Peer 1: 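The structure under discussion is supplied below as structure tokens; questions concerning it will follow.
We count ligands from 1, going down the list as the structure has it; atoms in each ligand are counted the same way. Letters A, B, ... mirror the listed sequences (proteins, then strands); counts begin at 1.
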There are 2 protein chains.
Amino acid sequence: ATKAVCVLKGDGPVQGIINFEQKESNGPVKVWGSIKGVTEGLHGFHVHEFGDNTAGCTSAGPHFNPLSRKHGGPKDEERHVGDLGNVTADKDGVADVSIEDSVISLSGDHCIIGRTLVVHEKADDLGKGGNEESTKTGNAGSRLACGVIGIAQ
Amino acid sequence: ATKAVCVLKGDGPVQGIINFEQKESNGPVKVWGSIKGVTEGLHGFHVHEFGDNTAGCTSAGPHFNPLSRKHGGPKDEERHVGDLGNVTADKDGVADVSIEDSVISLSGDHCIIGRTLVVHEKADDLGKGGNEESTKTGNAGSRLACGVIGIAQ
Ligand SMILES: COc1ccc(C)cc1N
Ligand SMILES: COc1ccc(C)cc1N
Ligand SMILES: [Cu+2]
Ligand SMILES: [Cu+2]
Ligand SMILES: [Zn+2]
Ligand SMILES: [Zn+2]
């Protein structure tokens with residue numbers, strides 16, 4: 001298997017460890033881990049284009065979108081490659097993450113290694129919201145924590 | 001023209017930003033930036049195998065060494081891919097880095113994107129120190145600061 005890891009850090013503290021595993025390069029990626037320090041409810045969760053955290057999470061740029069599509073949920077055909085939907089945290093501020101995704105990859109042109117994983121202030125409307133912003137960012141608001149996705153042993 | 005960046009941080013006061021640029025696939029990579037908060041003198045400077053920072057810089061594992069070579073200096077034929085020698089800090093504790101390397105790459109099987117850059121406590125003896133640890137780690141000692149190498153705009 002190919003494996004990757006991301007350490008998310010932001011003010012709070014928001015702290016997370018997210019694991020990625022892809023048994024075959026034509027197969028889906030299992031994404032799992034825990035994020036603590038966030039508000040109860042949904043928080044947008046995406047892979048962003050650049051693995052640049054020089055000025056913080058803002059340096060990561062837009063959602064990873066190699067196919068030039070509009071924003072969506074992980075279930076939509078019309079989505080960015082980076083669109084991983086929402087993580088949901090409880091009252092204790094903890095979001096337990098267990099995702100399987102068929103569109104991200106840990107090799108080839110959809111590869112997310114060396115790009116930034118970001119957890120957001122607010123819910124991602126999965127592009128089903130009211131406005132145009134829904135179709136770009138899903139109205140998920142500010143970036144609470146991020147880290148660069150690295151190759152793991 | 002491929003670009004990458006790394007933000008170095010540790011448990012102490014050691015901070016850096018290092019930029020990478022490769023104009024041509026299989027051309028040389030220009031490595032530049034600044035590191036502050038280190039002692040005056042030489043500090044080992046290497047790409048390590050994993051971009052895993054779960055338990056800090058220790059999680060990065062050994063020097064990146066896909067060709068199974070012994071440790072050396074960047075000017076040696078016998079070197080690890082990750083062997084970038086030393087950065088030298090002044091009395092202000094600041095190390096200005098300007099390197100060109102043709103062994104590292106930002107694409108292909110020598111690719112460093114998603115791996116960890118590490119700045120060390122002590123000098124790298126470039127494998128010529130004449131103990132056995134010269135030929136593995138170069139005796140550069142603890143890891144002062146590190147970060148995952150990310151894709152830049
Ligand atoms: C996303 O699913 C998973 C895959 C593998 C492991 C170890 C945990 C989870 N939740
Ligand atoms: C591209 O190379 C460089 C650019 C800017 C500075 C300050 C140093 C180097 N080496
Ligand atoms: Cu995002
Ligand atoms: Cu090292
Ligand atoms: Zn998106
Ligand atoms: Zn080495």
Peer 1: Decide whether B/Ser107 and B/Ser25 meet the rule of one side-chain donor and one side-chain acceptor closer than 3.5 Å.
Peer 2: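 B/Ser107 vs B/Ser25: no donor-acceptor pair found between side chains.
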Peer 1: If I consider every N, O or S atom in A/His63, which one ends up closest to the Zn ion (ligand 5)? I only need its name.
Peer 2: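 Result: ND1.
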Peer 1: Return the residue, atom name and 0.1 Å-rounded distance of the protein heavy atom closest to atom 4 (C) of ligand 1.
Peer 2: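 Here the closest protein heavy atom is A/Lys30 CE, 2.9 Å.
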Peer 1: Between A/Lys128 and A/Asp76, is there a salt bridge with N-O shorter than 4.0 Å?
Peer 2: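 Between A/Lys128 and A/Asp76 there is a salt bridge, with a charged N closer than 4.0 Å to a carboxylate O.
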Peer 1: Go through the side-chain N and O atoms of B/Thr2 and B/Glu21 and say whether any donor and acceptor fall under 3.5 Å apart.
Peer 2: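 On atom types as modelled, these side chains do not qualify, holding no pair under 3.5 Å.
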Peer 1: Starting from atom 1 (C) of ligand 1, which protein heavy atom do you reach first, and at what distance in Å?
Peer 2: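 Ranking protein heavy atoms by distance from atom 1 (C) of ligand 1, first comes A/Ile99 O, 3.1 Å.
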Peer 1: Any N/O/S of A/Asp124 under 2.8 Å from the Zn ion (ligand 5)?
Peer 2: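 Checking A/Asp124: none of its N, O or S atoms is under 2.8 Å.
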Peer 1: Tell me whether A/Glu100 has any N or O atom under 3.5 angstrom from an N or O of ligand 1.
Peer 2: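 Not met; the criterion fails.
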Peer 1: Looking only at side-chain N and O atoms, does B/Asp125 offer a donor or acceptor that is under 3.5 Å from a partner on B/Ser134?
Peer 2: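 There is such a pair between these side chains.
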Peer 1: Of all N/O/S atoms in A/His80, which lies nearest to the Zn ion (ligand 5)?
Peer 2: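 The Zn ion (ligand 5) is closest to the A/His80 atom ND1, counting only N, O or S.
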Peer 1: Side chains of A/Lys36 and A/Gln15: any donor to acceptor distance under 3.5 Å?
Peer 2: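 There is such a pair between these side chains.
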Peer 1: Determine whether the side chains of A/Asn139 and A/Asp124 contain a donor N or O and an acceptor N or O closer than 3.5 Å.
Peer 2: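 Their side chains do not contain a donor-acceptor pair, so the 3.5 Å distance test is not met.
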Peer 1: Nearest to atom 8 (C) of ligand 2, what protein heavy atom do you find, and at what distance?
Peer 2: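 Checked against all protein heavy atoms, atom 8 (C) of ligand 2 sits closest to B/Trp32 CD1, 3.5 Å.
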Peer 1: Would one find an N, O or S atom of A/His46, in either backbone or side chain, under 2.8 Å from the Zn ion (ligand 5)?
Peer 2: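 Given the 2.8 Å cut-off, A/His46 does not count as a ligand of the Zn ion (ligand 5).
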Peer 1: I'd like the atom name of the N/O/S atom in A/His71 lying closest to the Zn ion (ligand 5).
Peer 2: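 In A/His71, the N, O or S atom with the shortest distance to the Zn ion (ligand 5) is ND1.
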Peer 1: Which N, O or S atom name in A/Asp83 marks its closest approach to the Zn ion (ligand 5)?
Peer 2: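 Going by distance to the Zn ion (ligand 5), the closest N, O or S atom in A/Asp83 is OD1.
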Peer 1: Please work out, at 4.0 Å between heavy atoms, whether the side chain, the backbone, both, or neither of A/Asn19 comes within that distance of ligand 1.
Peer 2: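 No part of A/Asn19 is near ligand 1 at this cut-off.
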Peer 1: Testing the 3.5 Å rule here: is there a donor-acceptor pair between the side chains of A/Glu24 and A/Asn26?
Peer 2: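 Side chains of A/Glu24 and A/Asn26: no pair found under 3.5 Å.
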Peer 1: Is a side-chain N or O of A/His80 found less than 3.5 angstrom from the main chain of A/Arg69, in a donor-acceptor match?
Peer 2: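 Yes, A/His80 side chain to A/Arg69 backbone: donor-acceptor pair under 3.5 Å.
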Peer 1: Do any nitrogen or oxygen atoms of B/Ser98 come within less than 3.5 Å of a nitrogen or oxygen of ligand 2?
Peer 2: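 Yes - when backbone and side-chain N and O of B/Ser98 are compared with those of ligand 2, one distance drops under 3.5 Å.
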